[PDB]
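Cβ sites come from the backbone with ideal geometry, for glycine too, and all protein chains shown count toward neighbours. Here, each number is a calculation from the coordinates, and none is a lab measurement.
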Protein chains: 4
Amino acid sequence: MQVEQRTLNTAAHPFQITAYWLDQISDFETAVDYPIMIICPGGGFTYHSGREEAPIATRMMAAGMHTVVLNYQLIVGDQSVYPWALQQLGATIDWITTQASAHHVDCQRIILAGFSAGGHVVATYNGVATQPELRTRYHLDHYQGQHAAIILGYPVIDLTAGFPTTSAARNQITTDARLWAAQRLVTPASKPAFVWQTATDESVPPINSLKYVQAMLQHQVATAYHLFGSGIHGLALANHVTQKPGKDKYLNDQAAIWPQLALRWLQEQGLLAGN
Amino acid sequence: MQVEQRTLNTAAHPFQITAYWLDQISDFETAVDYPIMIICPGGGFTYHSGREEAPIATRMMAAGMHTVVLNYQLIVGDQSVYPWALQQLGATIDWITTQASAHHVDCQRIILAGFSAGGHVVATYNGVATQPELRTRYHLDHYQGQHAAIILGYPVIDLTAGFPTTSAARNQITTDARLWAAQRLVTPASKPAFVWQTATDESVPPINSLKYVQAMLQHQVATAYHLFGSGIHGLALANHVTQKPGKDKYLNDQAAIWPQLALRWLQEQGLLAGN
Amino acid sequence: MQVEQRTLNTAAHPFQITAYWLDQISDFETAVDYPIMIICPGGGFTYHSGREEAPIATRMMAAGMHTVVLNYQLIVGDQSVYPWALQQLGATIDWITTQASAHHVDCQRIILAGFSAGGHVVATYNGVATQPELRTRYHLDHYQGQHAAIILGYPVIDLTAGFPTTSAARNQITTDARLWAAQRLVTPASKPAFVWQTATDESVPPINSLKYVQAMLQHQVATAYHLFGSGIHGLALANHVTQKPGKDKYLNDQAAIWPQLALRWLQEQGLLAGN
Amino acid sequence: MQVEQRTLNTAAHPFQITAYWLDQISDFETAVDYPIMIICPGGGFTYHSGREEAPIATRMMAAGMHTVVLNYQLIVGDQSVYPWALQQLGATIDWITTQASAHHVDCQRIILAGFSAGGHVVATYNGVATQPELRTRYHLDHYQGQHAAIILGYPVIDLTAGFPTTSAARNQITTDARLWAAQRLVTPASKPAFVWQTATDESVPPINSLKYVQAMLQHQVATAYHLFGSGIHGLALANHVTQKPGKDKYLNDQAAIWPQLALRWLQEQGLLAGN
């Protein structure tokens, strides 16, 4: 295993990634290409949450995949999140294709994962990047590679659906209303999505994920949806690993099965080797 | 364990039930009252599917509850399903209260489970029976007892949403359109619901379950929802037990976890003893 | 599902069984034959423990098999357990063969399950019934049918190994010392065994199960062995179902997985339909 | 996450380790000390198997622990494995104590894990390091820190029990017959052990792990033992991750649950945070 932290410069706003590369197993006689998961953590568009980075990356890596954590564009200085964050996702996927030979990456198995605010970036990208008119509009032309599926954990989906709490805050994320509601960008070309959230989510109302899932069904895109009946927002792994010290509310044994469900779903989609 | 099969006549249309009663464990120094689940199987309102009767009842009994299979009103012989089926559910719950001392039934833990067409009866009942005006409208007066929660497996929810396929068939089930869409009968008084379906369901579109769950959320009623990514309609246990001989399409190892999920959800609701 | 309770008289000491028969699923276009498990509960040879009867039978039935609870010979009324108990097992298997057509029993999939004291009867039977000389010695002549495998939960294996506590009690169970140590009756003809116990068992020392498994290995008989690290003797299902009211020591979530393990092992042996 | 590869020099034979350090989660308000697992892979004492290094480390790290892979002494040049490998384990634990403050390591939760040949090193260390006379004999005096438990996967336990196949090969490992049989070094001071193997193991007969478990029980040391009924030697994770390409025999879905069992066992032992 190797860790690589660097700046990628192939976007209008350069940005940092942290890649965790699997090394080839030495007593294997033939090389193996592995899937790769790009992770966009939460943080309300003002920070990148550590709880939704390495702990999640490490769990996915244990199942035999490379991971890359993307420091997508935040509200910082006078800058909004969009359109920049969408171009950075495209640039990261393109960079992966250039690294694929060196690190044994299966470019037909690039998965995107977004949590809370990072889920808006990923859910929006799923719609934008799979539609030529929108790729051009948001300057995604001339990037190589494409993702094969997305995973969304308690995602922000529609900026008018409860998160954020004010119009001023919404506008800071983007004044481009075409990007407020990711469910409205779904077409039959959108990639398959595994979506999970808790029904008791207060800060990002579960109507968010429900609306995205509804739009996916209505456009005949393969999707799985797990709305657990309890738990606060921001559970992450929902176990002791991502538990804020002394806070029981970050533990939910029902929701904690989601990585297993997600990995099995990836296997069903033929995007991860089965066993 | 005891099996009791009989006709109940305390409804305009008499009907058959099959009760599977738990016996007390003789080692125990004190008697214990157990929850009870009423099961309404599928069958498109033209029969009662055996795949969704004893196999499901037995799995639930293994977790320490009594079960009752309800042969609800069908359209055979040019009959309507409603309002008769609601009265029969009411009468089954009532009969259960009269059997509580004899069988150690905990009447604060009566659970309703509906599959496909049976899910329409249960979901509709969840709204109707919890609203005094509707109880009077549909003649549930003088029926004792109430259920505490429902479980719905690939349920028919809205008779205009894909099942059945024609206006004639919809109206045959009932010409009373206030009863067509169970999601519209949801109020804060509805009991909590565990709901599951497959996203690829081609007989009753998944929008059915999604709409019901949306309404539950919008009325602040506790709910959990598992929309598995793959699998045909009518999986039942989704394993070898309910598999039609030689038909692999009735097997889905991901969906097969639903009973464990439902049982753990019941425990969380305080409706089944915990571990 | 049907419950049948009756006395079998085809042994020197008549005895009671309780059979729980699966009914055919009417939806199925073809009939199917199911495996059947004979359960011998614990009770220290002075009673038959209900905690190890219906609760265990029901869990096994949920996986698609018939079950029979066997009230094997006890020492009450100054009786010995052997050789009578062996004949009663033989006679139960024989009776099962006569019921095969009536109940769709697959007689190539008869499984024996023994708990604690019941485990001694089953383990001993596994050696005795598979050896022509011992079948003649203990009068199993003219009994039809044979079992295909055994399951043992915290079994008494060797009457000199901690249970019972005195020579008098050991000899009361049987003055025939060739029957004291079931591990010594193991030959390559013994049927495959799934064995589990807790390492902290203080009533029947875990050396009991360990010795049996060692002998199975040494005679090239397929075996699996799960010695859980914690938990008292007599956990049964190790969950709320078999928990003595208010006694937390009967709960062990790690040991509670044993039925799933045993069922998956049966599938691997080709003795239960797979998924 | 940080990777550190270096030589440790505090032993007669210096040696390499590879440490995978968890970083502190940035949005946590208070620091958290994490357990650490030292892994000794297999390789028949002639190499260090890659299949039993990073893939296993990564799985344990996903559960919230640091890991260190130990390149213990191999048969190389004219050198035997012992006594050197035992001193290198002591030196690694001592080095961990010196790093504990910097990396937030809980020194009361140092776990040792050994696979096949590496299991002999760990099982022998468990006995040697917990007995003052033997610590002195094997030059382990004046090292700081101690392990709290061990995990053994299909371990070589007794060098006379089938692995290796010749006396010449055994002697190359060590001519010190006091160290041939790790079960004979067990005392009540040995640390708790989680042990797993397959019953069908051909290259390291399962009598190995059975003998170690038997000795632990007989000296009242807490132990758990899982002898799965099928699978070849060297399964590692027993899933697609450690599967040699195109070889189904490295897949065993039953044995693949061992990491989950091991982690839960560590939690029961109070050696890993619960959830």
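At a Förster radius of 25 Å, what calculated FRET efficiency corresponds to the Cβ-Cβ distance of residue B:178 and residue B:76, to the nearest 0.05? Result of the calculation: an efficiency of 0.55. Assuming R0 = 56 Å, can you tell me the calculated FRET efficiency for the pair residue C:249 and residue B:165, based on Cβ-Cβ distance, to the nearest 0.05? With a Förster radius of 56 Å, E is 0.50. When exposed loop sites are taken as GluC sites (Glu not before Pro) in a DSSP loop with at most 11 other Cβ atoms within 10 Å, the longest stretch of chain B clear of them is B:30-201. Taking amide H as placed 1.01 Å from N in the peptide plane, residue B:113 has its amide H under 5 Å from the amide H of B:38, B:39, B:40, B:151, each at least 5 places away in sequence or on another chain. The spacing between the range B:44-79 and the range A:210-275, judged by their C-alpha centroids, is 31 Å. The distance from the alpha carbon centre of the range C:16-31 to that of the range D:86-132 is 56 Å, rounded to a whole number.
Between copies, the label points at residue B:33 (set 7 angstrom from Cα along Cα-to-Cβ) are spaced 4.7, 4.9, 6.3 nm, reported in nanometres from shortest to longest. Projecting label points 7 angstrom from Cα along Cα→Cβ for residue C:189 and residue C:8 puts them 2.1 nm apart. With a simple spin-label model that places each label point 7 Å from the Cα along the Cα-to-Cβ direction, the separation between residue C:16 and residue B:102 comes to 2.2 nm. Taking Cβ atoms as reference points and 10 Å as the exclusive limit, the residues near residue C:211 contribute a net charge of 0, counting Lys and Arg as +1 and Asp and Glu as -1. Karplus-based coupling profile of the range D:25-33, in residue order and whole Hz: 6, 5, 7, 7, 7, 10, 5, 10, 8, with θ = phi - 60° in 6.51 cos²θ - 1.76 cosθ + 1.60 and x standing for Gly or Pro.
Across the identical copies, the label point of residue A:249 (7 Å from Cα in the Cβ direction) is separated from its matches by 3.8, 4.7, 5.5 nm, in order from shortest. Computed over chain D, the convex hull of the alpha-carbon atoms projects to a mean area of 14.3 nm². Residues whose amide H lies under 5 Å from that of residue D:195, counting only those 5 or more places away or on a different chain, are D:152, D:224, D:225, D:226; hydrogens are built 1.01 Å from N in the peptide plane. The alpha carbon gyration tensor of the range B:194-275 gives principal lengths a ≥ b ≥ c with a/c of 1.5 or higher and a/b no greater than b/c, which makes the shape oblate. Cβ crowding within 10 Å, taken as a proxy for footprinting-reagent exposure, orders B:210, C:134 from fewest neighbours to most as C:134, B:210. Checking every one of the trypsin sites (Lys or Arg not before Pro) in the range B:174-252 against DSSP loop status and a limit of 14 other Cβ atoms within 10 Å picks out B:247. Among C:51, C:264, D:137, the ranking by other beta carbons within 10 Å of each residue's beta carbon, starting with the fewest, stands as D:137, C:264, C:51. Chain B comes nearest to the axis taking it onto chain A at the Cβ of one residue; that residue and its distance, in whole Å, are B:226, 3. Taking Cα pairs under 8 Å and at least six residues apart, what relative contact order does chain D come out at, in percent? In percent, rounded to a whole number, it is 16. Note on chain B: dipole from Cβ charges, positive end direction compared against B:64, B:9, B:88; the farthest Cα belongs to B:88.
Annotation for residue D:33 and residue C:136: the two label points, set 7 Å from Cα along the Cα-Cβ direction, are 7.0 nm apart.
Screening chain C for whole DSSP H helices with an alpha carbon extent of at least 18 angstrom along the helix axis and a mean Kyte-Doolittle hydropathy of at least 1.0 yields nothing. Each copy carries a label point for residue D:108 at 7 Å from Cα toward Cβ; from one copy, the others' points are 4.0, 5.3, 5.8 nm away, ordered from shortest.
The charge dipole of the range C:135-199, taken about its Cα centre with unit charges on the Cβ of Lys, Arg, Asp and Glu (plus for the first two, minus for the last two), comes to roughly 100 debye.
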